[PDB]
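Heads up: the structure comes next, in structure tokens.
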Amino acid sequence: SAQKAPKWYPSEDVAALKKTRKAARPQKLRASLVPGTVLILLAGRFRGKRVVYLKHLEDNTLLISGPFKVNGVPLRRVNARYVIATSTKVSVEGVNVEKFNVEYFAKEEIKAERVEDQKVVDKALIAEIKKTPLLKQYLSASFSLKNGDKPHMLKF
Amino acid sequence: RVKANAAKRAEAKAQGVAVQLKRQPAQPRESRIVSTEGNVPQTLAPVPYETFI
Amino acid sequence: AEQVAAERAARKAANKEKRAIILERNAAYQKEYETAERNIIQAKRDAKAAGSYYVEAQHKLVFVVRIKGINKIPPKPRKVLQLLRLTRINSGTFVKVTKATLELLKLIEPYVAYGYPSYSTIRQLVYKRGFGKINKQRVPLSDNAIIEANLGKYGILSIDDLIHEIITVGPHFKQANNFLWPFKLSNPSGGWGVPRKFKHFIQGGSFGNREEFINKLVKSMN
Amino acid sequence: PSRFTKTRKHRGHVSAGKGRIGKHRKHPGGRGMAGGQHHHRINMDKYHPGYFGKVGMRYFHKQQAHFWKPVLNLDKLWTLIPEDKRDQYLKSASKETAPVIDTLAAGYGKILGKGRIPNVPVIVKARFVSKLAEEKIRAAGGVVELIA
Amino acid sequence: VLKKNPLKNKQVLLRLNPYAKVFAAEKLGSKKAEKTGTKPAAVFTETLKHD
Amino acid sequence: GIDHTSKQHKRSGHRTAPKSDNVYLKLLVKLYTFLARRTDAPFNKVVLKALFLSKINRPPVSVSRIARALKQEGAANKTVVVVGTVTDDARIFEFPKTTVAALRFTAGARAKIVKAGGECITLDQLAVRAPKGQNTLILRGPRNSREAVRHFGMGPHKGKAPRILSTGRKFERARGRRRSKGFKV
RNA sequence: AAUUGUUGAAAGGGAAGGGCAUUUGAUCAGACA
RNA sequence: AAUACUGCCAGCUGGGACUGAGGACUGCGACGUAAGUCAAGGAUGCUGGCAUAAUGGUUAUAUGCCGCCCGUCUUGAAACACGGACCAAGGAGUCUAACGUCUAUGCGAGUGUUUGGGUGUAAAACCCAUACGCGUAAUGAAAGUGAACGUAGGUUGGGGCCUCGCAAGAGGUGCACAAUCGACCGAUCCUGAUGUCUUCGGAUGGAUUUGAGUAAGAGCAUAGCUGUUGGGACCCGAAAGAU
RNA sequence: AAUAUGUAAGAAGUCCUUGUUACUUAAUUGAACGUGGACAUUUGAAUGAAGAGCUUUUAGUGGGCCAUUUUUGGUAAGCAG
RNA sequence: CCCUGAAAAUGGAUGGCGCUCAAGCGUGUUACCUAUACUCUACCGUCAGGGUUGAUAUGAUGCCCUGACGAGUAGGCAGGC
Ligand SMILES: [Mg+2]
Ligand SMILES: [Mg+2]
Ligand SMILES: [Mg+2]
Ligand SMILES: [Mg+2]
Ligand SMILES: [Mg+2]
Ligand SMILES: [Mg+2]
Ligand SMILES: [Mg+2]
Ligand SMILES: [Mg+2]
Ligand SMILES: [Mg+2]
Ligand SMILES: [Mg+2]
Ligand SMILES: [Mg+2]
Ligand SMILES: [Mg+2]
Ligand SMILES: [Mg+2]
Ligand SMILES: [Mg+2]
Ligand SMILES: [Mg+2]
Ligand SMILES: [Mg+2]
Ligand SMILES: [Mg+2]
Ligand SMILES: [Mg+2]
Ligand SMILES: [Mg+2]
Ligand SMILES: [Mg+2]
Ligand SMILES: [Mg+2]
Ligand SMILES: [Mg+2]
Ligand SMILES: [Mg+2]
Ligand SMILES: [Mg+2]
Ligand SMILES: [Mg+2]
Ligand SMILES: [Mg+2]
Ligand SMILES: [Mg+2]
Ligand SMILES: [Mg+2]
Ligand SMILES: [Mg+2]
Ligand SMILES: [Mg+2]
Ligand SMILES: [Mg+2]
Ligand SMILES: [Mg+2]
Ligand SMILES: [Mg+2]
Ligand SMILES: [Mg+2]
Ligand SMILES: [Mg+2]
Ligand SMILES: [Mg+2]
Ligand SMILES: [Mg+2]
Ligand SMILES: [Mg+2]
Ligand SMILES: [Mg+2]
Ligand SMILES: [Mg+2]
Ligand SMILES: [Mg+2]
Ligand SMILES: [Mg+2]
Ligand SMILES: [Mg+2]
Ligand SMILES: [Mg+2]
Ligand SMILES: [Mg+2]
Ligand SMILES: [Mg+2]
Ligand SMILES: [Mg+2]
Ligand SMILES: [Mg+2]
Ligand SMILES: [Mg+2]
Ligand SMILES: [Mg+2]
Ligand SMILES: [Mg+2]
Ligand SMILES: [Mg+2]
Ligand SMILES: [Mg+2]
Ligand SMILES: [Mg+2]
Ligand SMILES: [Mg+2]
Ligand SMILES: [Mg+2]
Ligand SMILES: [Mg+2]
Ligand SMILES: [Mg+2]
Ligand SMILES: [Mg+2]
Ligand SMILES: [Mg+2]
Ligand SMILES: [Mg+2]
Ligand SMILES: [Mg+2]
Ligand SMILES: [Mg+2]
Ligand SMILES: [Mg+2]
Ligand SMILES: [Mg+2]
Ligand SMILES: [Mg+2]
Ligand SMILES: [Mg+2]
Ligand SMILES: [Mg+2]
Ligand SMILES: [Mg+2]
Ligand SMILES: [Mg+2]
Ligand SMILES: [Mg+2]
Ligand SMILES: [Mg+2]
Ligand SMILES: [Mg+2]
Ligand SMILES: [Mg+2]
Ligand SMILES: [Mg+2]
Ligand SMILES: [Mg+2]
Ligand SMILES: [Mg+2]
Ligand SMILES: [Mg+2]
Ligand SMILES: [Mg+2]
Ligand SMILES: [Mg+2]
Ligand SMILES: [Mg+2]
Ligand SMILES: [Mg+2]
Ligand SMILES: [Mg+2]
Ligand SMILES: [Mg+2]
Ligand SMILES: [Mg+2]
Ligand SMILES: [Mg+2]
Ligand SMILES: [Mg+2]
Ligand SMILES: [Mg+2]
Ligand SMILES: [Mg+2]
Ligand SMILES: [Mg+2]
Ligand SMILES: [Mg+2]
Ligand SMILES: [Mg+2]
Ligand SMILES: [Mg+2]
Ligand SMILES: [Mg+2]
Ligand SMILES: [Mg+2]
Ligand SMILES: [Mg+2]
Ligand SMILES: [Mg+2]
Ligand SMILES: [Mg+2]
Ligand SMILES: [Mg+2]
Ligand SMILES: [Mg+2]
Ligand SMILES: [Mg+2]
Ligand SMILES: [Mg+2]
Ligand SMILES: [Mg+2]
Ligand SMILES: [Mg+2]
Ligand SMILES: [Mg+2]
Ligand SMILES: [Mg+2]
Ligand SMILES: [Mg+2]
Ligand SMILES: [Mg+2]
Ligand SMILES: [Mg+2]
Ligand SMILES: [Mg+2]
Ligand SMILES: [Mg+2]
Ligand SMILES: [Mg+2]
Ligand SMILES: [Mg+2]
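Chains as they are written, first to last, in the entry's author numbering: chain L6, 2 to 109, 129 to 176; chain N1, 108 to 160; chain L7, 23 to 244; chain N8, 2 to 149; chain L4, 312 to 362; chain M8, 2 to 186.
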């Protein structure tokens, strides 16, 4: 032979895992995140967009809607840590939202179901957006740090 | 101290045990109330610089 | 073959019975402690109104932590540092206060900082960094039956039983103390508060007996 | 062999095990047994006291052999009898018939007396006995016989 | 295989010392003391404010 | 770093397995390392070690030394163990019964041990008979009958035998050995 | 091999070469499945 | 009344960083009326990106910081101390005689077949009688003498074993080893019985002397590392002398 | 004086009884070695003890230099002891 | 504290630039920076303490748990190439 071969070989048998003790306990949101709050979207496709916050979905994501009609942002998933939660709020107390869950957004163009749903929600908000002036404009504008803005100083 | 360590041993065994006859270092002092009657504290100070020579 | 739950029962019900003893114990020191402490507070108060002056017992127990490093140390104190198990920098042991050690303590001020531990910092030392000497093996405490197996001899069948026999310098403080493997502190968190350390405490440095303050130091090195 | 030889271990270290200071020079102490009385006198008193100078008589032309005289004690003696014939004689420890050991035939010159042989009679042909040697033989019924 | 600190880890805190449960439970660590009003002799007070 | 109080990385300094390379020897070790881990009986730890010992620390127990050991009071029925070879000794005329466990018995020795109506047991038959070593008498030979120890510790006034290669007068018997040639030891 | 010619790439404000680390250029293994 | 300061809580709580060793179960706990549950003897859950030079390795370059020529002898070298322009290939603790400690192996009061003979498939292996060598006696310059008062002694520690006790412990025996007191043999100095070819003989009991001794043998042979000595003696090196 | 340094802090201990001899006393007097007997770990301070003891054989080294303190010669020295 | 006393040879040194209610001197209070040290974890090697021949698979100088330690010339030894 060219090499003399071990006197011992490892068991190719393969153990299983010690039974871990790490419960998936549920995530509590930071108090600034309350339904009807306008978020600022820090990263992502709709980075810099202002957006109403509807529901806290079971994968911890957040349900937002532009409304679509205002700034072009759909009912959509967004992460909670990629968001500056403002202090301006609208009453989402006549918006549906129960309909919407994780599987609602399975990957599987635009489903006609979605185009309609977008309209049931967005109509409701816009009803109530219009209840305070200028708000509807605010929501169509983006957010950018201007010169001499210091986030650690600013109030959102 | 060995002739004495005999005594304390017998005189205590023939009494009802409990003896302790190992030497122990000087233990710190206990709690005490030093009284003030006929004994008000006398305030002292440092004193200036003299020469006397 | 029974044992399955039979002898599981025969112990689990006796492991119960021990914790019963421990609770009833630890609960007792608690009373002993606060009552022992309220005593002094009323003892001082009682003298003041009476006119007099309640002088406390001299401390009976000291905690020492080695400040100075390893090298360039003269033969004699270099010996005492060993007999106090302080063979490396920032480790630290308890010492029972008696003349035949008080001289030792003297002999090595330039290299240790030391003083008077509180129940709070004896507690937080044992709990967090207290190990046992069990055929050497520097063994973490972490369960009450580690103690019991080795200091159970002399009473002491719980971690707070340890603390009690330490903080009171009771009849078995030698073996209760030496059971504890020399402590192993970090550099102080805040820093040292002196600029140069190797002066006496009184002279704005870090060594020798700083007394009541040996705590804040320790609770920063822990 | 040369592969456990330490000098193989030493390959690559300047000095070869021999110090940088004190080197491996030719003959520091002198050669051989030099300075026996001088810079090497500590080693010869102790380790070798008695070394120097004379004692006793000379003995020109001393033929060892003149003084040939192997020594066997009573201590053994019985061993000069083959084991099978041996017990035959121990048991039945009598006059009339007692073994005749010719120790000079067996190659000894003196019988000494190291200690205890049983109460069995033996006839000892020897060239020379020690007092005790001969004494102990009798007290078991033996005799010595003097021979050349 | 990994030493857990009590002090921060309530579980291990009760694997040793089960009195931790009462002590938290009875607040203990914040015990109000028997208010008294004994006042010190002026001998004490004079010679405090003396010079 | 640490003020070290004891030389670090110390080797224990006791053999831990015979240095010999004898298969049979190493088997005996496996017998007794087992026996000694699982028997809480002294005799198994003593024997285990002694099997590691070098030839110098295994002096021969003679057959007469064995004979004598039995004459101890109440010892005459014990079975003697000699971890090492056992030698014959024509100097005893009698020899008793018993049963000798040993690493080796010489030709002469088992003869005399058997001839006396006796038994010669190898160390592993003794295991079977006496797992706790019940009723053994362990003998050691004499370690300082060795020639070499004569010359150990030589030096003035130690009376301790020159390392010398011929002897006689003319051979280190003058100056420094007698009052009348310089001095004496 | 020292040393040399050509060709190719690259760096070079009083030497060259090295350590830790990363940019960029070139080149490469493995690993998906 | 408040507050400050100092101290404590096994009072609550936010942000940030690094780690994730382990690999069925087994422990100590914790919460529950309970069933079960848990953060309690070491990371899992969910979601996405690429499946490639994306990550990673090698390399050149650049940039931050750091980096004196190595070897030697020396208290101290980068040294204004020596060798070294560069490459290849040679190039230095050997062998032998005789030894110390140690270890392995054989056999063991003995041990060593190998001068030799036998013999052979022929410098091998296989076999062997007589000696010899070392050991099993010492001590004296020598003439010489030559190791048991005694269970081969007494004492004190001794592992181990034996006997009692559930056990803790108590006795019993106690090898090796060590300490000590003796006894034994030779030297030396005393002592000088019974006898006697009247000077031969030296029993006996003794002595702050002495010995590389006896006191139930440990040795012989092969081998190996280290070490010793003589040899060209780790390698190169005089000025000289000689025929 | 300070600093430095000898010894001691028990089981190889302590107490009773009364054995040996040629030393020794006026003397069974004493000395020395003993048999029999009484008392255990608070059995005779503290702290430590990754144990303690023991033997054999062999390397290198045997140019030393510095610092604080004490200190000799020298005016001194990066001098010499 | 400052000034005078205060004189040497290439051009040059609070380390440099520079600094004057200091970036100077004495002293106090905090915060902050960073060693191969300290604390915690991981891995390597060393030393030690334990566990494990029970067959019917693979190493018994092996396997498994555990703790502590790691400077190095001359020099020793070891295990390897
Ligand atoms: Mg779970
Ligand atoms: Mg939460
Ligand atoms: Mg929160
Ligand atoms: Mg718009
Ligand atoms: Mg102490
Ligand atoms: Mg002390
Ligand atoms: Mg003091
Ligand atoms: Mg900090
Ligand atoms: Mg802070
Ligand atoms: Mg600080
Ligand atoms: Mg400073
Ligand atoms: Mg300093
Ligand atoms: Mg800390
Ligand atoms: Mg070879
Ligand atoms: Mg090799
Ligand atoms: Mg050789
Ligand atoms: Mg080497
Ligand atoms: Mg090498
Ligand atoms: Mg050497
Ligand atoms: Mg050289
Ligand atoms: Mg030198
Ligand atoms: Mg000399
Ligand atoms: Mg001569
Ligand atoms: Mg002559
Ligand atoms: Mg002559
Ligand atoms: Mg002779
Ligand atoms: Mg003999
Ligand atoms: Mg005689
Ligand atoms: Mg051995
Ligand atoms: Mg022996
Ligand atoms: Mg001999
Ligand atoms: Mg020798
Ligand atoms: Mg001689
Ligand atoms: Mg003299
Ligand atoms: Mg230039
Ligand atoms: Mg696959
Ligand atoms: Mg406060
Ligand atoms: Mg708190
Ligand atoms: Mg993991
Ligand atoms: Mg893992
Ligand atoms: Mg409950
Ligand atoms: Mg759980
Ligand atoms: Mg790729
Ligand atoms: Mg890449
Ligand atoms: Mg690829
Ligand atoms: Mg990538
Ligand atoms: Mg790609
Ligand atoms: Mg290139
Ligand atoms: Mg490079
Ligand atoms: Mg530099
Ligand atoms: Mg070089
Ligand atoms: Mg010089
Ligand atoms: Mg210098
Ligand atoms: Mg150099
Ligand atoms: Mg120079
Ligand atoms: Mg030169
Ligand atoms: Mg040159
Ligand atoms: Mg070459
Ligand atoms: Mg050469
Ligand atoms: Mg050797
Ligand atoms: Mg052998
Ligand atoms: Mg013989
Ligand atoms: Mg041949
Ligand atoms: Mg031929
Ligand atoms: Mg033949
Ligand atoms: Mg023949
Ligand atoms: Mg022969
Ligand atoms: Mg001899
Ligand atoms: Mg003799
Ligand atoms: Mg003579
Ligand atoms: Mg004569
Ligand atoms: Mg006699
Ligand atoms: Mg006699
Ligand atoms: Mg005696
Ligand atoms: Mg006994
Ligand atoms: Mg004599
Ligand atoms: Mg003589
Ligand atoms: Mg001799
Ligand atoms: Mg012998
Ligand atoms: Mg031998
Ligand atoms: Mg051989
Ligand atoms: Mg040589
Ligand atoms: Mg010439
Ligand atoms: Mg000449
Ligand atoms: Mg004084
Ligand atoms: Mg002293
Ligand atoms: Mg009498
Ligand atoms: Mg007695
Ligand atoms: Mg003590
Ligand atoms: Mg201790
Ligand atoms: Mg130990
Ligand atoms: Mg030496
Ligand atoms: Mg030497
Ligand atoms: Mg000299
Ligand atoms: Mg020397
Ligand atoms: Mg020299
Ligand atoms: Mg001075
Ligand atoms: Mg000088
Ligand atoms: Mg000023
Ligand atoms: Mg110049
Ligand atoms: Mg200046
Ligand atoms: Mg500066
Ligand atoms: Mg400045
Ligand atoms: Mg200042
Ligand atoms: Mg602060
Ligand atoms: Mg600040
Ligand atoms: Mg460092
Ligand atoms: Mg590090
Ligand atoms: Mg093992
Ligand atoms: Mg090293
Ligand atoms: Mg050297
Ligand atoms: Mg290796
Ligand atoms: Mg090789």
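Where is the CB? At the ideal position from N, CA and C, for every residue including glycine.
Asked	Found
At what residue ranges does the region 73–158 of chain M8 contain a whole run of the alpha helix (DSSP H), taking only runs of 4 or more?	108–116, 124–130, 149–152
Out of curiosity, what's the CA-to-CA distance linking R179 (chain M8) and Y90 (chain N8)?	51 Å
So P135 (chain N1) contacts chain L4; which residues on that side make the cut at Cβ distance below 9 Å?	Under the 9 Å cutoff, chain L4 gives no residues; its nearest Cβ is about 26 Å from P135 (chain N1).
Going by the beta-carbon positions, is the gap between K241 (chain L7) and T109 (chain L7) smaller than 7 Å?	no
Short of 9 Å Cβ to Cβ, which residues in the region 32–57 of chain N8 face chain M8?	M45, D46, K47, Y48, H49, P50, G51, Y52, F53, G54, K55, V56, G57
Pull up the distance between the alpha-carbon of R12 (chain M8) and that of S164 (chain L7), whole angstroms please.	32 Å
Assess, as a yes-or-no matter, whether the region 10–22 of chain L6 is touched by the region 38–56 of chain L6 under the definition of 3 or more beta carbon pairs within less than 8 Å.	no
Does the Cβ of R179 (chain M8) lie closer than 6 Å to at least one heavy atom of ligand 30?	no
Applying the 10 Å Cβ sphere with the 16-neighbour rule, what's the burial state of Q122 (chain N1)?	exposed
Can you find a CB in chain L7 that lies within less than 7 Å of the CB of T6 (chain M8)?	yes
Tell me which residues of the region 58–73 of chain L7 have at least one Cβ-Cβ distance to chain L4 shorter than 9 Å, keeping chain order.	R60, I63, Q64, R67, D68, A69, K70, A71, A72, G73
Taking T358 (chain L4) as the query, report the chain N1 residues whose CB atoms sit under 9 Å from its CB, ordered along the chain.	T143, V147, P148, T150
What do you reckon, are the CB atoms on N74 (chain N8) and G108 (chain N8) nearer than 7 Å?	no
Locate the beta strand (DSSP E) running through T87 (chain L6), then write down its first and last residues.	84–90
Out of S33 (chain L6), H172 (chain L6), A25 (chain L6), point me to the one whose CA is closest to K90 (chain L6)'s CA.	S33 (chain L6)
Can you check the region 32–90 of chain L7 for any beta strand (DSSP E) of at least 3 residues that lies completely inside it and give the ranges in chain order?	83–88
Give me the Cα-Cα distance between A35 (chain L7) and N328 (chain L4), rounded to the nearest whole angstrom.	18 Å
Let's test the definition: count the other Cβ atoms within 10 Å of the Cβ of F201 (chain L7) and tell me whether it reaches 16, buried, or not, exposed.	buried
Would you call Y54 (chain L6) buried or exposed, if buried means 16 or more other Cβ atoms sit within 10 Å of its Cβ?	buried
What residue ranges within the region 41–106 of chain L6 form continuous alpha helix (DSSP H) runs of no fewer than 4 residues, ordered along the chain?	69–72
Of the residues that make up the region 186–218 of chain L7, which ones have a beta carbon closer than 9 Å to any beta carbon in chain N1?	none
Suppose you measure from the CA of residue 1 (chain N8) to the CA of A18 (chain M8); what does that come to, to the nearest Å?	An answer regarding residue 1 (chain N8) cannot be provided, because it is not within the stretch 2 to 149 covered by chain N8.
Compare the Cα-Cα distances from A352 (chain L4) to each of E59 (chain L7), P204 (chain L7), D68 (chain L7), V117 (chain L7) and report the closest residue.	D68 (chain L7)
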